[PDB]
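Student: These protein sequences, in sequence, are chains A and B. Residues 31 to 379 in the entry's author numbering are what the first sequence spells out, letter by letter. Residues 31 to 379 in the entry's author numbering are what the second sequence spells out, letter by letter. Ideal placement from N, C-alpha and C gives every residue a C-beta, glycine not left out. Dropping a structure here in structure tokens format, bear with me for questions.
Number of protein chains: 2
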Amino acid sequence: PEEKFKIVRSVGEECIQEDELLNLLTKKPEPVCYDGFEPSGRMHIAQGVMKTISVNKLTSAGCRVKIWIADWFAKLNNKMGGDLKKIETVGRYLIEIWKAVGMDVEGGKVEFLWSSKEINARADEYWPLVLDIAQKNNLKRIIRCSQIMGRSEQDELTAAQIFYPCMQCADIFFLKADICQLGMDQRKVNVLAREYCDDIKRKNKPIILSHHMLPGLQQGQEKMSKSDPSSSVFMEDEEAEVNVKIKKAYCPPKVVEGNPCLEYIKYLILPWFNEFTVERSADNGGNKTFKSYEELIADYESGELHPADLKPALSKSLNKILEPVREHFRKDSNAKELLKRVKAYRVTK
Amino acid sequence: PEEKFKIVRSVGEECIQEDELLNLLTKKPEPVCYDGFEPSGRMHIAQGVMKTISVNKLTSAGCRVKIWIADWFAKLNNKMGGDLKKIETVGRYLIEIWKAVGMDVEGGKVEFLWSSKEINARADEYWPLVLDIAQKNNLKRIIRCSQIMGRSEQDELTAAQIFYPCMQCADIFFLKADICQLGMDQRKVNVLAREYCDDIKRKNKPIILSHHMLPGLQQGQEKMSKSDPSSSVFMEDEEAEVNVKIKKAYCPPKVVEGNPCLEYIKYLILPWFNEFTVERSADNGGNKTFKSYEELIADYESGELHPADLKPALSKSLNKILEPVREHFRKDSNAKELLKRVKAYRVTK
RNA sequence: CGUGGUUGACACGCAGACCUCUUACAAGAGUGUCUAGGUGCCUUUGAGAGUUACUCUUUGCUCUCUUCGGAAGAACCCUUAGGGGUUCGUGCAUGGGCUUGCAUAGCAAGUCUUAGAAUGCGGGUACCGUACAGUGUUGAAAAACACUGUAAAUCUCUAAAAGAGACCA
């Protein structure tokens, strides 16, 4: 159990009630983890590789993982202008992406569940939960959750966006989930679920495992934005595109704070390869291999590792990571058509 | 058409866009009318007999009438504490009451539709309408509709009670409704549906027919309350209960304004029996039979008709109206059991 | 846009733009790459009929002499040399004066400037120079010329279409 605990706890940066997590792992052989994904356009790296890492860690720990393809949820936040057909193509594209990048789907522990299909099949189960969750929460509490949409409390919220936290909270119980492994931006809704548990006096509250939000490639971008293709590495970005984006990426020398390249290495490269190799000429200290983030940050702060050397190794590593996805979308005709259609779609806020 | 227009218009006190109503009657042979009824406990007189009068008027005018048994709508407002089983029992009790009092169900123009069964059967049609209606409407607008629940905008509104106006507005289109024949307290949500039509650019807006709210038997009670059994005549109230309630009813002499008994005569006795007879001794001017409300108010204000005579004749007329319901619930075992169970239930606000 | 090479090849000066790199931009660099269009000509053209949702408005596309009497220019038929014959190229908007009420102007309305070509845009034209692929040809290269097609790749790619009201909800 302690090994399982360490593995899962490594997935998220924040864990609410770690003791409950440990008890769950000891007592339940196959805990249920989920994450919810709006098919909101081209997938950037945090959705593909970081989520693959988290999910594979969870499955290796013995957990079952439900990937929630949030198609009506995409509509409610007006993605692709609310066209369910374009949403469905986007979701199929996303599923193909996770398959190609190395999601352990074949292990039989990962299930892709579509929100519309599942809720339609069992609406009698679902909507009562939505309605009650609303009933036990006052309005301001729901508005506070709007960040799950990438929207602020000051935004003119369409009342469908007041819906949105309600069904997302309901999903936790409809899916019978034990671990809420989601981004920090989902935290407010996840907490809501525990609050609801108090109102209904349900002892077994869901765990919250909040993941780090990978910053955007430009300065001061706490999170990647699909609206700026230049700040974000997309799963199907060509090697030249990746190289250019990384080259332009913010990376002041000897400054670790807010250096998005370093977080890319920390959260993407090291968790994937377990090591990071910087290839340099003999005059430049030669090749150096880093097995921990601490070594990288130490040499970077000292100035032994200069951004000019850091970024090329970085780009090479991401290109290696992304090559299987490019190959899949090049070889598989259905994935190729899905990607063509997705790239043809205008991204809506 | 003009005869049909007069008949229908006589049903509601307010009619929005009367001209649209006239065109509707001229163009569509069978206009579809609805009203929604929360199975919220014992049926007080205005829910049974006045609605029978209105519905029979509409059907006599050739309209189709859908009686909406709003059981999820009942749950959302915590009626009977939100238990669908007591809600269903109450709804069956209401249907039995409407059958017994003389609802023209045999005519084939009145359809009792359950919110649960209908919405569950066609959720794909229903819930998108709810979601879009919410999407177009800002939150303050939804809260303003809370009166449809018997709740104020200052009440701690459960977010289910923000659901409630949206679901009710959606009902209008889900039922494909042409005439919203409902109480004045529904007006705000009814108007919402017309506003929605502008937003979706739907030319054919639903006609809005708002009924008078029958006052409670006590002074200053603009509407009957199920929380005060003494102020409300229940359809199954025994003759003695009716007599006592009418005796205690507010009825100052020569004062017409705010006099409930006169309102019952105007809205229940005349529309039912087309006349009302006050039986008096020869020394008290003998029996007098009134064919119109103007005669009633004139003689009452003059003081020729004293409350001591008005109340007995009034109670006699209500007892005559209610006797079929008492007989039904006495003879039919299923109705008898339903009434027993309903009377056993605590009314929740 | 200038300097020299009289001339041209060919060099210097000016400016910009594209491509890579020194990164985080900024900043900087690099001949790494790109930078002549004009000329003159025609062009307000009546009215009707046919051309899809049903009808109406606005068009677009087709059939008759086809506003100043539009085949402008092109090309083909012949033709003594002046010509004719044949096919095609056949667009949109405003004015200001006078005149009816408005202190005057807008605002509501009538003829006139075939259209004040008067003012604009658009398009079709033949010549020049651009490059390119072909062809001949002078040239060891560079450089030079006759012709061929273009310079906006290209086509309502309409399945006529935009609105209003009907079938009627």
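Who are the Cβ neighbours of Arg371 of chain A in its own chain at under 6 Å, not counting the five residues just before and after it?
Tutor: The residue given as residue 371 of chain A occupies position 341 in the first sequence. Closer than 6 Å at Cβ, skipping near neighbours: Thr119.
Student: Leaving out five residues before and five after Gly246 of chain A in sequence, what residues of the same chain have Cβ atoms less than 8 Å from its Cβ?
Tutor: Position 216 of the first sequence, counted from the start, is the residue given in the question as residue 246 of chain A. Closer than 8 Å at Cβ, skipping near neighbours: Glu252, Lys253, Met254, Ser255, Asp258, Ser261, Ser262 and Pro290.
Student: Please state the DSSP three-state secondary structure of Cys199 of chain A.
Tutor: Taking the first residue of the first sequence as position 1, residue 199 of chain A is located at position 169. Of the three classes helix, strand and coil, the one that applies to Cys199 of chain A here is helix, per DSSP.
Student: Please report the straight-line C-alpha distance between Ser90 of chain A and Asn108 of chain B, rounded to a whole angstrom.
Tutor: Here residue 90 of chain A refers to the residue found at position 60 when the first sequence is read from its first residue. Here residue 108 of chain B refers to the residue found at position 78 when the second sequence is read from its first residue. Whole-angstrom Cα-Cα distance: 45 Å.
Student: Using beta carbons (cut-off 7 Å, strictly below), is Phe193 of chain A in contact with chain B?
Tutor: As a working note, residue 193 of chain A is residue 163 in the first sequence. Yes, contact with chain B.
Student: In chain B, what lies closer than 8 Å to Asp154 of chain A by C-beta?
Tutor: If you number the first sequence from 1, residue 154 of chain A lands on position 124. Neighbours of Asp154 of chain A on chain B, chain order: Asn150.
Student: If the cut-off is 9 Å on Cβ atoms, which residues from the stretch 161-193 of chain A count as contacting chain B, listed in chain order?
Tutor: When CB distances to chain B are screened at a threshold of 9 Å, the residues of the stretch 161-193 of chain A falling below it are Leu161, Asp162, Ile163, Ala164, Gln165, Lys166, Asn167, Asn168, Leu169, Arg171, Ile172, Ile173, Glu186, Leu187, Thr188, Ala189, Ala190, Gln191, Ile192 and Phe193, in chain order.
Student: Name the DSSP bridge partner or partners of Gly213 of chain B?
Tutor: Against the second sequence, residue 213 of chain B aligns to sequence position 183. According to DSSP, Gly213 of chain B bridges with B:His241.
Student: Would DSSP call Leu187 of chain A helix, strand or coil?
Tutor: Walking along the first sequence from the start, residue 187 of chain A turns up at place 157. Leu187 of chain A falls in the coil class under three-state DSSP.
Student: Would you grab the beta carbon distance between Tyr330 of chain B and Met110 of chain B for me? Rounded to a whole angstrom, and I think it's under 8 Å.
Tutor: Counted from its first residue, the second sequence places residue 330 of chain B at position 300. Counted from its first residue, the second sequence places residue 110 of chain B at position 80. At roughly 41 Å, the Cβ-Cβ gap does not stay under 8 Å, so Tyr330 of chain B and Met110 of chain B are not in contact.
Student: Quick one: what does DSSP say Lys96 of chain A is sitting in, helix, strand or coil?
Tutor: By one-based count along the first sequence, residue 96 of chain A stands at place 66. Residue state, collapsed to three classes: strand.
Student: Mind checking the stretch 78-111 of chain A against chain B and listing, in chain order, the residues whose C-beta falls within less than 9 Å of any C-beta there?
Tutor: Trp102, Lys105, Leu106 and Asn108
Student: Can you list, in chain order, the residues of the stretch 32-55 of chain B whose Cβ is nearer than 9 Å to any Cβ on chain A?
Tutor: none
Student: How would you label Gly250 of chain B, buried or exposed, when you count the other beta carbons within 10 angstroms and need 16 or more for buried?
Tutor: To locate residue 250 of chain B, count along the second sequence from 1; it is residue 220. Exposed, by the Cβ-count rule.
Student: So what does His74 of chain A bridge to, in DSSP terms?
Tutor: Sequence index remark: in the first sequence, residue 74 of chain A carries index 44 (1-based). Answer is A:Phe264.
Student: Hey, would you say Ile172 of chain A sits closer than 7 Å to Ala189 of chain B, going by beta carbons?
Tutor: Residue numbering aside, residue 172 of chain A sits at position 142 when the first sequence is read from its first letter. Residue numbering aside, residue 189 of chain B sits at position 159 when the second sequence is read from its first letter. Closer than 7 Å, so yes.
Student: Going along the chain, which unbroken runs of the beta strand (DSSP E) with 3 or more residues stay wholly within the stretch 132-184 of chain B?
Tutor: 140-144
Student: Candidates A:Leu88, A:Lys58, A:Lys275 and A:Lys166: which alpha carbon is nearest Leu106 of chain B's?
Tutor: As a first step, residue 106 of chain B is located in the second sequence; it is residue number 76 there, counting from the start. For the options A:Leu88, A:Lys58, A:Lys275 and A:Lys166, the alpha carbon positioned closest to that of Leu106 of chain B is the one of A:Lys166.
Student: Can you find the residues in the same chain that come closer than 8 Å, C-beta to C-beta, to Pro59 of chain B, ignoring five residues on each side of it along the sequence?
Tutor: Against the second sequence, residue 59 of chain B aligns to sequence position 29. Only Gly92 meet the Cβ criterion.
Student: Please list the partners that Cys196 of chain B has in chain A, where partner means a Cβ-to-Cβ separation under 8 Å.
Tutor: Residue 196 of chain B sits at position 166 when you count from the first residue of the second sequence. Correct list: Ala189.
Student: Would you give the residue range spanned by the beta strand (DSSP E) that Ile46 of chain B belongs to?
Tutor: Position 16 of the second sequence, counting from 1, holds the residue named residue 46 of chain B. Unbroken beta strand (DSSP E) run through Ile46 of chain B: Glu44 to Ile46.
Student: Under a three-way DSSP split, which group does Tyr323 of chain A fall into?
Tutor: On the first sequence, position 293 is the one that residue 323 of chain A refers to. Residue state, collapsed to three classes: helix.
Student: Going by DSSP, what residue range makes up the beta strand (DSSP E) through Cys63 of chain B?
Tutor: Position 33 of the second sequence holds residue 63 of chain B. Taken as a continuous stretch (DSSP letters only), the beta strand (DSSP E) holding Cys63 of chain B covers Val62 to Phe67.
Student: Mapping the DSSP letters down to three states, classify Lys346 of chain B as helix, strand or coil.
Tutor: Mapped onto the second sequence, residue 346 of chain B falls at position 316. Note: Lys346 of chain B maps to helix in three-state DSSP.
Student: Across the stretch 317-325 of chain A and the stretch 300-308 of chain A, are there enough close Cβ pairs to call them in contact, namely three or more that are closer than 8 Å?
Tutor: Between the stretch 317-325 of chain A and the stretch 300-308 of chain A there are three or more inter-stretch CB-CB distances shorter than 8 Å, so the stretches are counted as touching.
Student: Does DSSP put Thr307 of chain A in a helix, a strand or coil?
Tutor: The residue labelled residue 307 of chain A in the question sits at position 277 within the first sequence. Strand, per DSSP.
Student: CB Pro61 of chain B to CB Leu52 of chain B, shorter than 7 Å?
Tutor: Start at 1 with the first residue of the second sequence, and residue 61 of chain B comes out as number 31. Start at 1 with the first residue of the second sequence, and residue 52 of chain B comes out as number 22. Contact: no.
Student: Roughly how many angstroms lie between the CA atoms of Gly71 of chain A and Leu348 of chain A, to the nearest whole one?
Tutor: Reading the first sequence from its first residue, position 41 is the one you call residue 71 of chain A. Reading the first sequence from its first residue, position 318 is the one you call residue 348 of chain A. If I take the Cα positions, the gap works out to 20 Å.
Student: Are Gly112 of chain B and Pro69 of chain B touching if we call contact CB-CB under 7 Å?
Tutor: For the purposes of this step, residue 112 of chain B is taken as the residue at position 82 of the second sequence. For the purposes of this step, residue 69 of chain B is taken as the residue at position 39 of the second sequence. For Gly112 of chain B and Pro69 of chain B, no; Cβs fall outside 7 Å.
Student: Find the nearest neighbour of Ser240 of chain A within the set A:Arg310, A:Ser84 and A:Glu126, judged by alpha-carbon distance.
Tutor: Taking the first sequence and counting its residues from 1, one reaches residue 240 of chain A at position 210. Of A:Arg310, A:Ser84 and A:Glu126, the residue nearest in Cα terms is A:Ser84.
Student: Taking DSSP as the reference, what is the three-state secondary structure of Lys206 of chain A?
Tutor: Walking along the first sequence from the start, residue 206 of chain A turns up at place 176. Look at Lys206 of chain A here: in three-state DSSP terms it is coil, with no helix or strand label.
Student: Contact defined as beta carbons within less than 8 Å: I believe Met179 of chain A pairs with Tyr194 of chain A. What is the distance between those atoms, to the nearest angstrom?
Tutor: Walking along the first sequence from the start, residue 179 of chain A turns up at place 149. Walking along the first sequence from the start, residue 194 of chain A turns up at place 164. Right, their Cβ atoms sit about 6 Å apart.
Student: Beta carbon of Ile127 of chain B, beta carbon of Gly78 of chain B: below 7 Å?
Tutor: Within the second sequence, numbered from 1, the residue matching residue 127 of chain B stands at position 97. Within the second sequence, numbered from 1, the residue matching residue 78 of chain B stands at position 48. Cβ distance < 7 Å, so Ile127 of chain B and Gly78 of chain B count as in contact.
Student: In the DSSP assignment, what are the bridge partners of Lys318 of chain A?
Tutor: Indexing the first sequence from 1 puts residue 318 of chain A at position 288. A:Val308, per the DSSP bridge assignment.
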